[PDB]
Number of protein chains: 2
Amino acid sequence: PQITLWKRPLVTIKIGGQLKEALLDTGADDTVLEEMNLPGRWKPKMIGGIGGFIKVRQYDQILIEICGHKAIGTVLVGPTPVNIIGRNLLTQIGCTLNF
Amino acid sequence: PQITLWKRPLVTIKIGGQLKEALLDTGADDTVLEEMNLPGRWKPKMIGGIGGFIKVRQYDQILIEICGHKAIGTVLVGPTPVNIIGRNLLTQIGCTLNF
Ligand SMILES: CCC(CC)CN(C[C@@H](O)[C@H](Cc1cc(F)cc(F)c1)NC(=O)O[C@H]1CO[C@H]2OCC[C@H]21)S(=O)(=O)c1ccc2c(c1)CC[C@@H]2O
């Protein structure tokens, strides 16, 4: 689907048996989601953005169905104000910017 | 032009007679740029991100040519790690997400 940018590009995702809403974010290199239990194990990690840095749990080879499109990749879990679909997963579903 | 997301969607922008490189960011509602000298008055403001909040200078009605497409809108100047073109300006040049 083509998404206009007049509103926040929010999409419905399926991850770990849970339904959430995430922002298709071309400005994010990594996918970052609010707290949840993503089975499979993890390794501590720190990521930075506007305002500073946050500590996240790096989960790898994690499945996510983004708006009906399936993808597997690294998924950072931590205190993000919001869920973010990063370029690591956007490339897998064939997302592109168009102007 | 169509931009794949295998790499950062970086574009060259022209603002206030200066050439810079900015990240086409669909996750941003407004445009925020690193330190620079923007002629005009401004208004203090506070904006939030993953790591917290930063203080920026709100400049209004600022012309910016993004990849040859001209647009006018608010441009926030502050301690952002990278220049980001937000949705306030992406809509003006006709940007859309396609997957
Ligand atoms: C509410 C959604 C979201 C925040 C939860 C908004 N952000 C836009 C995201 O696209 C940012 C962009 C970025 C920010 C940055 F510091 C450095 C970068 F290189 C890139 N990505 C991000 O933090 O990404 C991180 C995860 O992946 C990693 O890769 C990039 C670095 C790491 S914002 O920049 O805070 C912002 C932009 C405009 C405006 C506001 C806030 C309010 C006022 C105005 O509307």
Side-chain angles (χ1 to χ4, degrees), chain A residues 2-6 8-11 13 21-33 47-54 66-67 76 80-91 93-99, chain B residues 1-6 8-15 19-36 38 45-54 56-59 62-99:
Chain A
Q2 185 215 65
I3 290 155
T4 72
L5 294 172
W6 298 98
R8 271 208 199 189
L10 275 171
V11 290
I13 66 177
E21 201 123 50
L23 203 71
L24 299 185
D25 191 356
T26 64
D29 316 319
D30 317 320
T31 299
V32 191
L33 318 151
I47 62 182
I50 257 171
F53 278 73
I54 65 152
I66 309 171
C67 212
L76 307 190
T80 184
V82 310
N83 304 297
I84 289 141
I85 304 301
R87 287 189 305 92
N88 61 294
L89 299 188
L90 289 169
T91 49
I93 65 162
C95 206
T96 39
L97 288 159
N98 290 264
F99 64 102
Chain B
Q2 219 177 210
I3 295 169
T4 44
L5 293 166
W6 297 106
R8 261 148 29 177
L10 300 171
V11 306
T12 280
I13 70 95
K14 185 174 205 232
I15 188 142
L19 313 182
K20 296 308 156 223
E21 201 174 46
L23 180 59
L24 301 170
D25 178 4
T26 61
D29 318 311
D30 314 300
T31 300
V32 187
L33 302 180
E34 295 178 75
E35 190 35 44
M36 84 187 51
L38 251 175
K45 192 206 235 173
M46 220 70 110
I47 79 182
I50 307 206
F53 84 93
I54 59 154
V56 303
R57 277 121 47 181
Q58 189 185 345
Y59 293 93
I62 306 308
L63 171 62
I64 182 148
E65 200 158 1
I66 320 149
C67 190
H69 297 73
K70 275 199 252 68
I72 271 173
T74 303
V75 176
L76 310 176
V77 176
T80 186
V82 188
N83 305 358
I84 36 176
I85 309 310
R87 277 184 315 110
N88 63 321
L89 294 176
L90 290 176
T91 54
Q92 195 144 183
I93 61 94
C95 188
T96 58
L97 277 174
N98 287 37
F99 74 94

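Naming convention: chains lettered A, B, ... in sequence-line order (proteins, then strands); numbering from 1 in each chain. Side-chain atoms are counted along with the backbone in the values below, which use heavy atoms only and exclude waters and symmetry mates.
- Inter-residue side-chain proximity for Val32(B) and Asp25(B) is flagged as unmet; no heavy-atom pair is nearer than 4.5 Å.
- For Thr96(B), the side chain to side chain contact (heavy atoms under 4.5 Å, CB included) partners are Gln2(A), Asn98(A), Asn98(B), not counting sequence neighbours.
- In this structure, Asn83(B) contributes its side chain and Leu33(B) its backbone to no donor-acceptor pair below 3.5 Å.
- Between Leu90(A) and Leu24(A), some side-chain heavy-atom pair lies under the 4.5 Å cut-off.
- Applying the side chain to side chain donor-acceptor pair (under 3.5 Å) criterion to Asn88(B), with sequence neighbours excluded, gives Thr31(B).
- Scored by the side chain to side chain donor-acceptor pair (under 3.5 Å) test, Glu35(B) finds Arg57(B) as partners (sequence neighbours excluded).
- For the atom pair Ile13(A) CD1 and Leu23(A) CG, the distance stands at 11.0 Å (nearest 0.5 Å).
- Between atom OG1 of residue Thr74(B) and atom CD1 of residue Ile62(B) there is a gap of 8.0 Å, rounded to the nearest 0.5 Å.
- Here the closest heavy-atom approach between residue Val11(A) and residue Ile3(A) is recorded as CG1-CD1, 4.4 Å.
- Between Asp30(B) and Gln58(B) the shortest side-chain heavy-atom distance does not fall below 4.5 Å.
- The two residues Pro9(A) and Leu97(B) make their nearest non-hydrogen contact at CB-CD1, 4.2 Å.
- Nearest approach of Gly49(A) to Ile50(B), heavy atoms of both residues: CA-CB, 4.5 Å.
- Rounded to the nearest 0.5 Å, atoms CG (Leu89(B)) and CD1 (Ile72(B)) are 10.0 Å apart.
- A ring-ring contact (aromatic ring centres under 6.0 Å, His included) check over residues 68-87 of chain B, counting only residues at least two apart or in different chains, returns the pairs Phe99(A)-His69(B).
- In summary, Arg8(A) and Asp29(B) engage in a salt bridge, as defined by a charged side-chain N under 4.0 Å from a carboxylate O.
- For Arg87(A) against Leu5(B), the heavy-atom pair with the smallest separation is NH1-O, 3.0 Å.
- One distance of note links SG of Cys67(A) with CG of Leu10(A); it measures 11.0 Å at 0.5 Å rounding.
- In this structure, CD1 in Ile85(B) is found 10.5 Å from CD in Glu21(B), a value given to the nearest 0.5 Å.
- If you take CE on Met46(B) and CD1 on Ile54(B), they are separated by 9.5 Å, rounding to the nearest 0.5 Å.
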